[PDB]
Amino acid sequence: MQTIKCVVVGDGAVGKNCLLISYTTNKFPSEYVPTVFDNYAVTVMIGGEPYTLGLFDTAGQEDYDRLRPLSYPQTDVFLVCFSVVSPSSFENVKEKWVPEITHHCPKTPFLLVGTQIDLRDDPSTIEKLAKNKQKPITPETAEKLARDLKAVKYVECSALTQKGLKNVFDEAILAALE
């Protein structure tokens, strides 16, 4: 078939762009070639079948609240992203992102995507959050949230370590095919 349209949303500064550009270019974060252009196409094989993903990168800021949904029609799957070391970004999944995409596309599948998981188990990061009266988001709570908000599932990845990165896009395709 044709391009699978995957719209990627979530708070600014959760690493959305970094993971899209890294995966689609086969580059680690420090080596990706910068571009003045938006979004990303990638062809991926699953079970010996090629599939093409159009990845629509979006601006999470309120300035784009009116413009952003203009991209929503015909979306095949959404990625709703938060950083596992940013409780605010996680809370915004609940109060902003899920309501927004489900208001526009009530029947369209979406995944919850946790990012920056490489920082989650770092003791110094945990401790820095602890001093700020925060804790990181565990897979258990995000999985529970995914089930509670009726996401197709929860996936997580590190743009840096590459851990779970292939899997995020595979599950996006699998969610779009049904």
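All residue numbers refer to positions in the sequence shown, first residue = 1.
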Item checked: Stretch with the higher entry mean CA B-factor, where the candidates are 136 to 144 and 34 to 42 -> 136 to 144
Item checked: Stretch exceeding the other in mean C-alpha B-factor - 86 to 94, 103 to 111 -> 103 to 111
Notebook entry, point to check: Sorting the chain's CA B-factors, does residue 160 end up in the lowest, middle or highest third?
Noted result: middle
Check: Can you tell me which third, lowest, middle or highest, the CA B-factor of residue 56 falls into for its chain?
Finding: lowest
Checklist line | Chain third (lowest, middle, highest) by recorded CA B-factor, residue given as residue 19 | finding: middle
Next item on the list: Would you please rank residue 129 by its C-alpha temperature factor against the other modelled residues of its chain and give the third it falls in: lowest, middle or highest?
Entry: middle
Note to self: How does the C-alpha B factor of residue 173 compare with the rest of the chain: lowest, middle or highest third?
What the structure shows: lowest
